[PDB]
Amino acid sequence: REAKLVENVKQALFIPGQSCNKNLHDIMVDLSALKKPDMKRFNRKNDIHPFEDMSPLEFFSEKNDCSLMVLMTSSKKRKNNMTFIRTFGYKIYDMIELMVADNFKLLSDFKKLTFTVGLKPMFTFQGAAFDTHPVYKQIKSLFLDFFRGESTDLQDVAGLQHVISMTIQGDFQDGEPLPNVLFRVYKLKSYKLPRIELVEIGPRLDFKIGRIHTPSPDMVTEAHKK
């Protein structure tokens, strides 16, 4: 797909790694469902080591026309590791490891409610470091980029269905460990402006931050050029 002035919706490719386990696969299936219809996934494993050889990710990005990728790996050192990758011109832009804590919840852990597929989500970000810390700024950029879907000038009031909520697990001072990021999805309800109430639908993920790769200043200028 050739470059455009107004870009297509970013497409995401979910990649089970060699060490992907059953738990991680279930998490992958539920998180990738939230990105439908702009989502592809491999059924089989691939032996990818993103920080030692990013090459296979760049080829996958071009071959599958997906500028967003998530690799699933697990080790004792890095359990339930989701490596989120963005590309620019099919070359690696940034990467970040987000490891899912053992307290995760799947869609099946919440009472089933109707969910219209393909609606644009709302976002709420809770935490000052999302604006000021280089690591949390990348996380906010990534998740907005990843899930916002189609850009529109007209929003249907009736489609304001669900919210993606991301919360830093407490404030922190420089020098302290970087707190986890708490990922939640809620459906809206109301009662009589009406008062909004929320019901959690999942998945519920607590992300522990791992290693990062960031773009060179030249690539930043290119990728953010108007």
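Throughout, we count residues from 1 along the sequence that is shown.
Pick one of none, 1 to 3, 4 to 9 or 10 or more for the number of deposited-sequence residues not modelled between residue 192 and residue 193. Unresolved stretch here: 4 to 9 residues.
82-90 or 128-136, whichever carries the higher mean Cα B-factor: It is 128-136 that shows the higher mean C-alpha B-factor.
Mean Cα B-factor comparison, 193-201 or 57-65, giving the higher one as deposited: On average, C-alpha B-factors are higher across 193-201.
Among 107, 119, 99, 72, where is the Cα B factor highest in this entry? Within the set 107, 119, 99, 72, 119 shows the top C-alpha B-factor.
Per the coordinate record, which of the options 37, 170, 50, 175 holds the highest CA temperature factor? Max CA B-factor in the entry, restricted to 37, 170, 50, 175: 175.
For residue 215, does the deposited CA B-factor place it in the lowest, middle or highest third of the chain? Its C-alpha B-factor belongs to the middle third of this chain's values.
Sort the modelled residues of this chain by their C-alpha B factor and say whether residue 32 lands in the lowest, middle or highest third. As the PDB entry reports it, the C-alpha B-factor of residue 32 lands in the middle third of its chain.
Taking the entry's C-alpha B-factors for this chain, is residue 162 in the lowest, middle or highest third? Middle third - that is where residue 162 ends up once the chain's C-alpha B-factors are sorted.
Would the CA B-factor of residue 41 place it in the lowest, middle or highest third of its chain? It belongs to the middle third of the chain when residues are ordered by C-alpha B-factor.
Classify residue 114 as lowest, middle or highest third according to the C-alpha B-factor given in the PDB entry, relative to its own chain. Residue 114: CA B-factor falls in the highest third of its chain.
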